[PDB]
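Protein chains in written order, with the deposited numbering: chain C, 11 to 285; chain D, 11 to 285; chain E, 11 to 285; chain A, 11 to 285; chain B, 11 to 285.
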């Protein structure tokens, strides 16, 4: 098996659209791996640019199509280049960009932390021909930076594993195991925006519910508490477009339903006392 | 007729946009089928990658264009590879991705269950040359997993049928029958989010309608009930973007119109009692 | 002139986005037309798939580029195939998909009916070389089906006309007439959703205006009628995104402005009676 | 310099999205220009379709890439054809479609009129080789028609000018002048929709402000005027998505701020009279 | 190293979508650089258009792929041309368009000023072969113009720096330094729209809070102040879609939370005085 020494450069991480569960990562991929030595023009290494390596592939050169697994859509590769050292090593430097997906739970919506993953796997070849030797993620551009609401703390952890696919077992009997790469970028939500803008005014609405508890006119209590329902109905509209369609409850919608429950408790209390 | 032994690997199912009736499925397609034996380089099987099989097709090799029927748009195939075993078998492994469509009724919107289908059919050849032998959907990645609000329960059922198209009958008199593949993935809506977030506060609004029934000031009853109309008007706005444009009624809009009817019943009752 | 016997298969009609005046139609196009006989391999007809007919076109084969006229954007053709019968007939079966546009008036918005048209025309050739012989729209998939709010009643009517373009008259003196195809699919809005969800609650708001006519406290009448303005302002917001930017009035915005006029009539009446 | 006799056919004008300053125009471009005579097959003119003229370009044929200047994005050309008359003239008929941009002021938002421009310019060649002879816009399809809210009155005016670019002066010393085409389609907003739907209910809100001026209970005056603020806050939400992000004021937001000023004048008057 | 004399023409700057941190810039790129002299047809310079320079690249011609760094997505190049002067100079004129990204803080949201940057860098070659000699941004089209809310004041500043990438150090030991270009266009938000439309009505709401401070009925004070909460809840909905998801506070959301704090101060004051 021909070992590949991959190394991923992360340039920017942006557009974490949690509504439909994706995030875009932009950067560079480097795939150094050894091969048969050849005679290049001069002692200088040979550089072949985009839309010219296809001639080399048709001429008989091998280059692996390192696809991504957790990507949605086609990863739109920009410029891509292919080193050809005379003594044997080949470097496949390409600029990758795609929308990547994680499971990415939201148990605590403002106090939130997940992992950004780039699950890389050879599409065509299995562990018998291509096995990934090592990976070093040189992510010095975003290693300690403040991007969007996602603070990237710590270095990017890496994994090299042998993942066996069973859907190729019917067509490949014993050679269907793949050398998979999984990097993990630890990212934490910055909760300053939500704490400043969404949570405290909900506390003010709950304080207004305490005020209508303190109110001293029963029909006017009912009128004010219906205005409270109008106030909480004013929520979860510019709020529903920031949390995803999610089966369990966050703390934000828990605060919304707690305000609804307190308001309804106030009205059921005053009606049951009136009757 | 040359038999094809297809096998579909389902990787991820995501983005079930019920508003305009689509869902995206991502995965791998494997099409094993026998052919004329050839002399490959060495005893090793021959691997041809993306944008290189076109040379083989121009050289005279046959490969079927297995299209999808329930797909909208072009299915953006990523990397695709073509085995060439020396003794005759050919494997066409490709990574497919497209937006697929089902009829997908919504008679019970939160308590909802449908089938995700991938209706596969040979585009160019009929039952006389290409007949699908068998399919085994090795969907072990999503067989029992919790994705979005869609819990995938049970294994993926399969069907092989002979579907006759009549629009080719005028140009092909007796040979216009197609061997069609229909897989069925049983999927159920998780109703936890809607039960927690939409249905119970509507019950609180109906309880507030009971409270304004209990109210003891006629002009103030009218004022509060108009605030109730404002409250129900606050619904079906962040709610109308989660159910599709659909001719009959769900239970959610049935609850909305029941709240409207109860509110109007309260007002017509108090006005008819006043007169 | 070489006659072409076209026949369009309609698969699905979806996504009638009336806001910016488009609708998507998906289906198959068949273009049977006779030509010079050739020697095909064997007595079997020759099948050439996608991205292989270009070699035949470069080799000297003629195939017409049947474009659409009422399409917006490029119609994204998927797989496309080209029969070659030995005795002379050629069949050009392709899968077309595009967003199509009609004038599509909305004089009665819920009680609405229009025609879906697919205006087909040869792009390159005029009536002297290519004249469309006949069309039979075999639309059995959507002939009597319930899609979205659009019930497709009746069969699809067809037209063959000779449309003369004047912009080619300066460059082609006497040969600038085109054999145009216009099919017409009669489609009717299903008014159940609007009658159930939008029109009747507006009647309830008008009944509340009758109630504030019945009210017996002048300052409280003014307060309630301003709450009525708040109620009608709550409309035409989730309503304005369902009707297009349209110069005249529908019946929905007529109901909105009638509610506004009744509310303002109530307030001007009570103010003029107060003064 | 080789003269080009261009003539643009306008098919449809649609999608004038004033929010981010664009409009789409669809139609046909015809570029007749003389060249070296050649021997075509027979006396019949030669027709070459899409994705086949590239062979002629590689064979040595000249064809200008007539780009657009005020276009945003790439103009997605559909089918395109190239005449080859034997005696010398060449006609380049193509179907262009793109999103075009004008400065397009909005000083009077409902009583609005602008010019739709299609600024055409040769990308590669300057005035020394390619000079546009004349243009006649045969826009008979939209010359007098009612599209969206834009009534197209009058014929489309044309301009031929020599525009000098200075960014090519450092690399081309004396030959950097371009023969530019600017057509102008005079378009006027139809103000019926805004006059019927937005302006008159604002007058009703101002009349309600007159009514709260007429009101006879000071605390109830304050309550009603705060409901007036709620009413005007209900505006500029479904209104802010119809006018662009624009530095000066239209008449619509002038009416909004005039309502705000009248409401605040009423409250400051009653508070200053109370004190 | 072969020096390159680049010069960027800026045509339009539009679509500064601050919500997800991007801005589009449209214009022309000119890359003049010397090379080996060749025999061109005649003394006239040779012009090669789009989709024809690939033949020259395959024939052995060198042309650099000048990529952008701060671009998101692929920059969709339109028409592109390549001069070939006989004595040696080569000019690579291309029309670039892409969405570019800056850090772009928003510490003062209406009183806002940032820099638009176009960070240009050779993708394939390092400082040993390609070093950028000089840049002159001939931006006379937008140098002093009023675009959107962004007034472009001053000329576009330029920078030429040697930026060393460390992710290529493992594969290139001593030759991994890149000659990077960074232009800076100084742009200032026009604050007229926000001052006219958002800030002053917030001052009117604060004045209404002063009015409810002046109010003389405690239950009616509570009712009015809850209507004030409804008024401020009416904000930050058509306001939240104009400022990005941002961790710290602007002055607009500071005004929103100051209104919330003043309203809650009023209610806590009247409740504590009542108790």
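All C-beta atoms, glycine included, are put in the ideal place defined by N, C-alpha and C.
Which of helix, strand or coil DSSP assigns to residue 105 of chain E: DSSP places residue 105 of chain E within a strand segment (E or B) once states are collapsed to three.
Beta-carbon proximity check, residue 56 of chain C vs residue 63 of chain C, cutoff 9 Å: Contact: no.
Host beta strand (DSSP E) of residue 143 of chain E (start-end): 140–145
Cβ of residue 239 of chain B within 9 Å of any chain C Cβ: yes
Close beta carbons around residue 171 of chain D, own chain, < 6 Å, minus the five adjacent residues each side: 190
Three CB pairs or more closer than 8 Å across the region 117–133 of chain D and the region 86–103 of chain D: no
Short CB-CB distance (under 9 Å) between residue 17 of chain C and chain B: yes
7 Å CB neighbourhood of residue 85 of chain B in its chain, flanking five on each side removed: 78, 106, 107, 108
From B:150, B:240, B:132, B:152, residue whose alpha carbon lies closest to that of residue 143 of chain B: B:132
8 Å CB neighbourhood of residue 154 of chain E in its chain, flanking five on each side removed: 162, 163
Where the alpha helix (DSSP H) through residue 282 of chain A begins and ends: 262–284
Euclidean distance between Cα positions of residue 37 of chain C and residue 274 of chain A: For residue 37 of chain C and residue 274 of chain A, the distance between alpha carbons rounds to 54 Å.
Residue 169 of chain E and residue 17 of chain A closer than 9 Å at C-beta: The answer is no: Cβ separation not under 9 Å.
CA nearest to the CA of residue 114 of chain C, picked from D:123, D:156, D:212: D:156
Residue 40 of chain B: contacting residues in chain A (beta-carbon distance under 9 Å): 177, 178, 180, 181
Per-residue contacts from residue 84 of chain A into chain B (C-beta, under 7 Å): 86, 88
Three-state secondary structure assigned by DSSP to residue 253 of chain B: coil
Closer than 9 Å to chain C by CB, residue 33 of chain B: no
Within chain C, partners of residue 25 of chain D - CB distance below 9 Å: 30, 31, 82
Nonlocal neighbours in the same chain, by C-beta distance under 8 Å from residue 80 of chain C, ignoring five residues either side: 110, 111, 112, 127, 128, 129
Positions along the region 188–201 of chain D whose CB lies within less than 7 Å of some CB in chain E: Identification of residues in the region 188–201 of chain D having a C-beta nearer than 7 Å to some C-beta of chain E yields an empty set.
Per DSSP, cross-strand counterpart(s) of residue 124 of chain C: C:197
Contacts that residue 284 of chain B makes with chain C (C-beta to C-beta distance below 9 Å): 224, 226
Residue 230 of chain A at chain E interface by Cβ criterion, 9 Å: At a cut-off of 9 Å between beta-carbon atoms, residue 230 of chain A makes contact with chain E.
Three-state secondary structure (DSSP) of residue 174 of chain D: strand
Simplified DSSP assignment, three categories, for residue 38 of chain A: Residue 38 of chain A falls in the strand class under three-state DSSP.
Chain-ordered neighbours of residue 135 of chain A on chain E, where CB pairs are closer than 8 Å: Within chain E, no residue comes near residue 135 of chain A; the closest Cβ sits about 21 Å away, beyond 8 Å.
Residues sharing a beta bridge with residue 294 of chain C, DSSP: Residue 294 of chain C lies beyond the stretch modelled for chain C, which goes from 11 to 285, so this question has no answer here.
Sheet register partners of residue 44 of chain C (DSSP bridge): The partner list for residue 44 of chain C (beta bridge, DSSP) is empty, contrary to what the question assumes.
Interface residues of chain C facing residue 159 of chain D [CB-CB closer than 9 Å]: Within 9 Å Cβ-Cβ: 255, 256, 257.
Beta strand (DSSP E) segment containing residue 21 of chain B, residue limits: 12–24
Under 9 Å between C-beta atoms of residue 248 of chain A and residue 247 of chain E: yes
Simplified DSSP state of residue 216 of chain A, which is helix, strand or coil: Note: residue 216 of chain A maps to helix in three-state DSSP.
Interface residues of chain B facing residue 214 of chain C [CB-CB closer than 9 Å]: 239, 270, 271, 273, 274, 277
Cβ-Cβ separation, residue 186 of chain C to residue 136 of chain C (assumed contact under 8 Å), whole Å: Yes, they are in contact, since the Cβ atoms of residue 136 of chain C and residue 186 of chain C sit about 6 Å apart, within 8 Å.
Spatial neighbours of residue 141 of chain D in its chain, beta-carbon cut-off 7 Å, leaving aside the 5 residues before and after: 11, 13, 189
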